[PDB]
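To keep things clear, I will list the structure first and then write my remarks on it.
Number of protein chains: 4
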Amino acid sequence: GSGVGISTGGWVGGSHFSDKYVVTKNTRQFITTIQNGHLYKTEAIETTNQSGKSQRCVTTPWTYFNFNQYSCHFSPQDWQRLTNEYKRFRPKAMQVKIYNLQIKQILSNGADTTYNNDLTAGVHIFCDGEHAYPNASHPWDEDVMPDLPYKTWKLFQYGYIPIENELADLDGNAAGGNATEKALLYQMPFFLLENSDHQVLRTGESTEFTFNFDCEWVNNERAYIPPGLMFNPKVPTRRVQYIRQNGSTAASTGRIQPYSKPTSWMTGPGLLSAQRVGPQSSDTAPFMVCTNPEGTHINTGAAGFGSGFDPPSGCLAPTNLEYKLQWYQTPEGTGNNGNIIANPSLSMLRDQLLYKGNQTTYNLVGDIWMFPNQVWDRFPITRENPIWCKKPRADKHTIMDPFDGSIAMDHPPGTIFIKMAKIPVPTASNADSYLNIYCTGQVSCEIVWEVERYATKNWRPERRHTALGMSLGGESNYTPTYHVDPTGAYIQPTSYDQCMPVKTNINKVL
Amino acid sequence: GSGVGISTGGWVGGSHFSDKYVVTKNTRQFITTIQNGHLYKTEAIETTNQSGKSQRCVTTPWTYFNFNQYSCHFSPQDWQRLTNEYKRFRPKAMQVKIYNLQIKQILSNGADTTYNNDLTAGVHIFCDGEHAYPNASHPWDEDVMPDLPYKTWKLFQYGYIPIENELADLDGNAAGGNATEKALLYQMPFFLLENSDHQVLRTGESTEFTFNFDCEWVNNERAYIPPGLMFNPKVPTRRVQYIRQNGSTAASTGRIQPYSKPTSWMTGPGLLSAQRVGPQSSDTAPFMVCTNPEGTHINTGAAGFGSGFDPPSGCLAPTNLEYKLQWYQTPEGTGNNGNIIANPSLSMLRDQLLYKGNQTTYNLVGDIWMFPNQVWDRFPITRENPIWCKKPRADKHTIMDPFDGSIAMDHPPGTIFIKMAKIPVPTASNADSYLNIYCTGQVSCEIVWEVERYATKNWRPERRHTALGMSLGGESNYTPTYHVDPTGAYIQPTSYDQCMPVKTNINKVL
Amino acid sequence: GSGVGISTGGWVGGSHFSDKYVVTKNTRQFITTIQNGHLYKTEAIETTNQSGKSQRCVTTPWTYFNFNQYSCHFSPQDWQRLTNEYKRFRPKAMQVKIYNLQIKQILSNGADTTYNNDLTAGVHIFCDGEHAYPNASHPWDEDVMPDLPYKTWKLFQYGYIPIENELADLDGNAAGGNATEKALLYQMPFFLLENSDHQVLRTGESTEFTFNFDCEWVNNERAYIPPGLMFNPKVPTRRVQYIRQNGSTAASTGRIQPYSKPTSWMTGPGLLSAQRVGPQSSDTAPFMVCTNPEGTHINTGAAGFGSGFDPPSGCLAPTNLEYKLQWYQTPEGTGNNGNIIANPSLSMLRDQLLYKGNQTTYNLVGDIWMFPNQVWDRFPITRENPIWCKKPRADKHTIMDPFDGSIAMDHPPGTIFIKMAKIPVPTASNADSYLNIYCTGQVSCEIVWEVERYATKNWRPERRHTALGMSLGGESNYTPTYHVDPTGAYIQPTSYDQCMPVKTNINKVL
Amino acid sequence: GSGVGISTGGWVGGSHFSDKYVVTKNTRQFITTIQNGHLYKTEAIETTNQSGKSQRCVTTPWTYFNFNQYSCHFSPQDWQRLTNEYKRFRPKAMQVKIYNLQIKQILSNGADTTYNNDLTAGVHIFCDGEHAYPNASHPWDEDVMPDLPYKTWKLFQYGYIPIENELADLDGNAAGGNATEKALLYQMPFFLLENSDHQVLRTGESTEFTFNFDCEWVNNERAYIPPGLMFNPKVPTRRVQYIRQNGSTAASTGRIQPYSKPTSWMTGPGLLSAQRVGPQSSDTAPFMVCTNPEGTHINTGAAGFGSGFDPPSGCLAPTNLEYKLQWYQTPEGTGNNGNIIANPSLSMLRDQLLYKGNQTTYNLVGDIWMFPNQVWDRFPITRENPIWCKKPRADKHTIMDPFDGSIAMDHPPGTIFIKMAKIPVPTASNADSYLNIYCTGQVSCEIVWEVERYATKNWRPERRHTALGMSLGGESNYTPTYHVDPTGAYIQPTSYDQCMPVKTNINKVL
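As you go down the protein sequences, you meet chains A, B, C and D in turn.
Heads up, my numbering is the position in the first sequence plus 174, with the first residue counted as 1.
Heads up, my numbering is the position in the second sequence plus 174, with the first residue counted as 1.
Heads up, my numbering is the position in the third sequence plus 174, with the first residue counted as 1.
Heads up, my numbering is the position in the fourth sequence plus 174, with the first residue counted as 1.
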């Protein structure tokens, strides 16, 4: 049957490894609340205002489900077994279910608050698979599904940036009159999630969404030598190296030495020239990707308009800590506390350099662009990396490697939006008061991962991700990584290697 | 299944444009409350009483759904695309659904009030499609469905005017004894919505109503020249113009000039003679349509009896601001704040004039009536105009052009009435106390619009409704029209052109 | 139908005795509550700390159903009839049902607390039949199902020991640096019951679990003589006994006497050498089974690391009270109050001894190991004994006789885990507050027992368990065993014979 | 459908008289509550303790439905019509339904208490038709179904006597040591209603029980003459009466007189010798039926051990008021208030005597036992008598006439037991607190009575039960019997004849 008192679905979880496939099931307990008091609002996002960096977003009542990260779908055991036993993997299919909803009313008299289940209140649930609305998810957000299946998942409000602010700044001047600047405002899109059709669910009801990926593989195999050493040092070469006269030393023609042969392959692109700017408040990235159409007025300049492009060095060796990719394990993390810095995976298609020689010596080429015969490996993703990124809709685009490592998909998984159906309340005024409710429920993401097992003719052992690669933590510091403190706290990895990255273990003949 | 805890219907919205059809879906969250404490009452509607203008209405417990306006069904995007891409449109069919009802009890102890869902309380829902009861809807009411899909829709009480008051005034005198005046009262109809059969719905239940229009088109195409210039100025004419003797100048017979040929067509009717009267309180319109059967007594006279006919000038040029059609975007709007004045659409079948020449010169004809060979275009409706108007049931009627622009239908969409089923309460007295409840729910109006795309042999570009035709508003005044203030306020159009009227863009060869 | 207000299952109970089978049905009323506030925690279990004995367990939110004991499934009548009328019995099949759930919210304002039934809250129910998670049940726990069907069954929290503490102690020293000790922590398994798929049930729903045993019989038949007397004292023997010279007495060769013939059979293994140690706080057992891999650091030594093996004497005569198996009937029982000591069942395959003679006399062999030709009977289980024990997963193992008497099964009945589904609560902080609920319901265990009736050629009467073997108790001491005190207290057996052990009544020819 | 909000059954009542059958339907509103706080207890039942009469009962949580009495099933109209129109009747079949359950929670804050319906709470319902548990019902209890269909029926707790107390008294002495007295305790049965399978019902559910009687008739016909007058006084007799010499008068042989012939029939058994004993507190009956096995110790003697047998005179004339059967109409009745004494039905098979003549005169035989050729009629049952009695299970028994008039059945209707399912409550202590609830519902007993109409050749009229046989009562004393006082009180019959007994009206030729 169906109704109040009949659970809609059960709990699923775990993982089933096969040769061709890996099916990782997860279920979480989520809570969403009334956002903005059921209003759309466009307000300026202001920093400390030491610099003129500002932002403008339109905040909706809606909240959304973000499934994008590996930490959500794989346990540390499932990840270790994934990266040790398989050379490559990608997400075949994804299935999300939202069930066992409970909408409860919040009754607050004074300090103490009580919770009464109304049973007739619904929730709006909307999945955008055509990407007609602006994307909610962005890589490296803290909104993502929790790692531990028993933690509650608190959803985040949905908002989006209608316009670039400094372009719309209205600052202008008396001479220009900012006509082209108003023109940007006049066409500033405004999206309501109410335009589209969507489901309204009460406690007895549930819903389901399926997604089918088609995307590129994530390669777990390591390069033991650079592509430049793909030769045989015993065999002589036919080539000639002519060196022009340098100072006193005369020009010399001679056969290239057998041990160093010319490479036909060049360094993967990346930019080492730029450096970060300014205080932590302003956007600090070394490069700023910005748009400045003629006629508009920008008073602040620099990073005020534009968004920073980081990490700038895609394949290149991160000479400085600024270039190394870095994040925090926990939202409580402050500076140097709980931060993880990317380290070399010791893959020779990764952390490349390029030296421009003059007559006397070699010097580092700061920034190298796309050039033919460039081969490189994508960032060695860990378990904490985002799975996908949304590729913009644009006429032309170059090769897609996001330097964070995420996969650029032009149709990533749809973003599932959910909110409290507004329950109005009678009021003699215009005060448009509403009833205070929230909904908790059980969401289950189940993804089918397409894996393919390695095979090698290598004689020797290879590196593997081992639990011996972990450190103790917690109070009294006897709890390992990925384990629970006596207080109940979950011990986060303190190093990039405890995150078990790919492109480390398995060797691949170049 | 069905019951408490199973939502009856989901949310629908958006629009699907085709060549033949446009289907605009909308869903709103409505709230209706107990009205008149479940009583019918006939009370006098009294103004400041500076003038003897009075009204008498019988107020019901019922509230009703008013779907009549374009703003409800079309977004500003859907409207722009409608009026730019299509020469004419009309409403094929309409489908209204009322579902996801929630009837909650209002418990008030002192100041703080609580809301408990009873689940056994029903609501009465009645659709009058035969128009046996007096029509609730009237054009240009504020009771209409809201523009923004996320705003709550508060329904209005249903009432109607049983009699014309000054006819029933009882004032009379000692000499007349007002016998014919009592005769009007003796037959004064009294309508109860309980006479008819109607549905009672609880939370699990829903209802649905379908309507099929048959009505006239709304033409979006513009006249570039007046019908008087439909000639060819190069070709000579055969006609003669004889001018009688004027003063000294002798009577002259001569061929009419090629460049000015006689027109067979005349100005569309309209009345410029009258002017508005009195204070804002009394009915101010320039013409008063009234009924004054013999023997009745009218002490106040003038606009006391009768209803004002405005705008008086149907097709004629609105010489003064009094004649221009004007309204407010928001019910908070006071004088000159938030008011929109109709402006010329620059259609040459619109804003006509007629000059009566004497011998010496031409003079404006104040009021022109129906006369043969009159051609004109209906008011250039905007997005804020009512869709339809109810044509009275009468033996004879002339051509139907409402000067507000609305379509006169003799069977418009039925008015859907809804009220709280009275839940009595035991009381030892006669005090007939009742239980205090309200109902909120989701109503969805879905209309199928019949559209037909233009085609033209014109070489040049044509005017189109553009977002560049908008102005900034809100606090700090950086928010465009049709967009949301940082406080969440929705920015209303400040001009008639921001309302995107019809009969502007597309040209039509006369 | 199904839903709130329709009971899911009825009450079952009783027993049906047959010749081949015995079907014992039971139903109880259980209550489980939120444990650890929905957290996993690993905390040290500390005693008075007079000795360095410590333990570390990871405590889950889960609670579990323990069905392991005979007292649960058999009444004293059903047990008496079982052990009197049947020579052996084993559990064919087991069927557990969990139904009539009620999840109620705990509302506490000040001291007085109220209970409101929410109806939309579920419970998680998970049965581990593959034993992928650590076993919750352990013999001789107080968590077991109650004896009396009308008592409420309060479930216990599920936890498990991830590591042996002193091995992980971190104590070490500055010289060693405890590298092998960290290695144990680094791989310390962490099990979440959320990994596996499991059911979520609301009030209307129920669940069912069936188990099929295959295990060894429990033999109720007694040995009247030792296997050493299996001869005929009238018939002479062919054997010779040569006694070497002792002191003055010369070596004598002579035929063995007819009345004492040599036995081919030897004493069942057991260990009398060891004695208990230390205060009641520390682990006191006479033998300690411990693991001490090289390189680890143990400061406390002795019973700090390792678990005690008791009773040490499997078949041997319990020379001292330390060796006798002993327990308490009620968790309120303190020292010497309500304790029951195992006594001889007077089975001659039980309570064996072995004497090593020198020339002059015989002396008791302290500890005897497995040796060929050893025959013995398992502990004479009573009605209060555990039914089964979980056999470890190990490459090699010897004969399985647990000296407590329980049956060692490598796949015992699965442990049914249950917990409150977490209902989150909105909070402005990170305080991750949750809603306070509990669930009570009706669990029914129904086991099919495989029995086989004895037959004997013995002429004489045999011992039987009789109610005359009971003592009075309670206030005023007029209530018998297994009966209810005027206060309502249930009178527990005060002696091992009132527990009606097996291997007493029925005789078996050796 | 089924569920909360759908009544399970309707109200039935009334009676349908036929020639062969009478079907009496009844429905009542019952209320049962938590008894003993869900405990079994064996406590001593102590009187004023002026005498050593004591009792010991084990009180259960269960309550039960007692349908045994005629007053329940027949109205005074249905009874009058039964006893006037029919010579004999017996209960063919019985059908009990329990439906429209409501389990409500009792919330008490201070003095005022509130009642909230939980809807998930069940009730246990168990019918014992095999009589495996001790019988709850006993004749002449006040627990019986009410007479008036609109009165509420409050059920009584179920308990039973495990042992005869003075046999178990433990009093004994130091010399005996009361070994045989402990032996009675050691085997003292203890019954739990949880042993058996039974139904658990929630509000939506109901249950039904059917019973099929086979039993003896209840004869309504009267004997107009004693069986001794079955002769013809006109016809001479052949017999001789020899009278031995008495004093002076010589022995006389002579024919027996025609008007007094010898009877072959003798007086039905009964005992007039004994008299009642002691205060109202102790058991007062004239005869005590007791059990006193050898070796037990009885200090009090007399009625301390044993139960009184009353009325002692089965068919004999009740010489004194002690022997007359007597009861109270209402539980409020005290001594001489509201008591009804059995009176002669004027049936000549009833109220017999036997005189033993000596030579000189006749004297009353005090106690007469079963003797051949005894004929008698059973007690003339009224409408307030029990219908049935449970015949003990015993090897041998004599003729079954209960002197109260009830029918002795070896399988009477099963006793329907019902109790509140225990809803536990979380408590940090062992206090095993539970939730306070009660259940009210509608029980309907419908019995099919097998009747057979009389036919007579008698010429004269016969006595009939008439309403003129009633008396006024109530306040102001204008309300008749079987009618309602202005306060609403129901006027009880004040005499045995207003109870309309059987064996009065209809004549039966001997």
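Where a beta carbon is used, it is the ideal one built from N, C-alpha and C, also for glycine.
Item: Does the count of Cβ pairs from the stretch 394–406 of chain D and the stretch 517–531 of chain D closer than 8 Å reach three?; Value: yes
Item: Are the stretch 223–236 of chain D and the stretch 539–555 of chain D in contact at 8 Å, needing three or more beta carbon pairs?; Value: no
Item: So does the stretch 233–244 of chain C actually touch the stretch 469–486 of chain C, counting three or more Cβ pairs closer than 8 Å?; Value: no
Item: Check each residue of the stretch 638–654 of chain A: if its Cβ is closer than 7 Å to any Cβ of chain C, include it; give the result in chain order.; Value: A641, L642, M644, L646, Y652, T653, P654
Item: Please list, in chain order, the chain C residues whose beta carbon lies closer than 7 Å to that of residue 685(D).; Value: Since the displayed chain D opens at 175 and closes at 684, residue 685(D) lies outside it and no answer follows.
Item: Which residue wins for smallest C-alpha separation from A353(D), given the options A342(D), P363(D), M362(D)?; Value: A342(D)
Item: Since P235(D) meets chain C, which of its residues come closer than 9 Å, beta carbon to beta carbon?; Value: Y324
Item: Along the chain, where does the beta strand (DSSP E) containing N291(D) start, and where does it finish?; Value: 287–291
Item: Roughly how many angstroms separate the alpha carbons of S580(D) and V318(D), rounded to a whole number?; Value: 15 Å
Item: Taking Cβ positions only, does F239(C) come closer than 9 Å to chain D?; Value: no
Item: If you follow the beta strand (DSSP E) that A397(C) is part of, which residue opens it and which one closes it?; Value: 395–397
Item: Who are the near neighbours of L359(C) in its chain, counting only those whose CB is closer than 6 Å to its CB and skipping five residues on each side?; Value: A342
Item: Looking only at its own chain, which residues have a Cβ that is under 6 Å from the Cβ of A516(A), when we skip the five neighbours before and after it?; Value: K498, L499, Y670
Item: Please confirm if the stretch 605–622 of chain D is in contact with the stretch 199–211 of chain D, defined as three or more CB-CB distances below 8 Å between the two stretches.; Value: yes
Item: Can you have a look at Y529(B) and say buried or exposed, based on whether 16 or more other CB atoms are within 10 angstroms of its CB?; Value: exposed
Item: Nearest CA to the CA of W391(C): which residue from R634(C), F553(C), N651(C)?; Value: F553(C)
Item: Could you tell me whether the Cβ of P660(C) comes closer than 9 Å to any Cβ of chain D?; Value: yes
Item: Terminal residues of the continuous alpha helix (DSSP H) containing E355(C)?; Value: 353–360
Item: Going by alpha carbons, who is nearest to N394(D) out of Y502(D), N420(D), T556(D)?; Value: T556(D)
Item: Nearest-angstrom Cα distance between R450(C) and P336(C)?; Value: 27 Å
Item: Using beta carbons (cut-off 9 Å, strictly below), is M404(C) in contact with chain A?; Value: no
Item: For the alpha helix (DSSP H) containing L256(D), list its first residue and its last residue.; Value: 250–259
Item: So who's on the other strand from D302(B), going by DSSP bridges?; Value: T589(B)
Item: Please confirm whether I590(B) and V186(B) have their CB atoms less than 9 Å apart.; Value: no
Item: How about the stretch 627–639 of chain B and the stretch 605–613 of chain B: do they share at least three Cβ pairs that are nearer than 8 Å?; Value: no
Item: Assign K194(C) to buried or exposed, taking buried as 16 or more other Cβ atoms, counted over all protein chains shown, within 10 Å of its Cβ.; Value: exposed
Item: Under 7 Å, CB to CB, which of the residues in the stretch 579–594 of chain A have a partner in chain C?; Value: none
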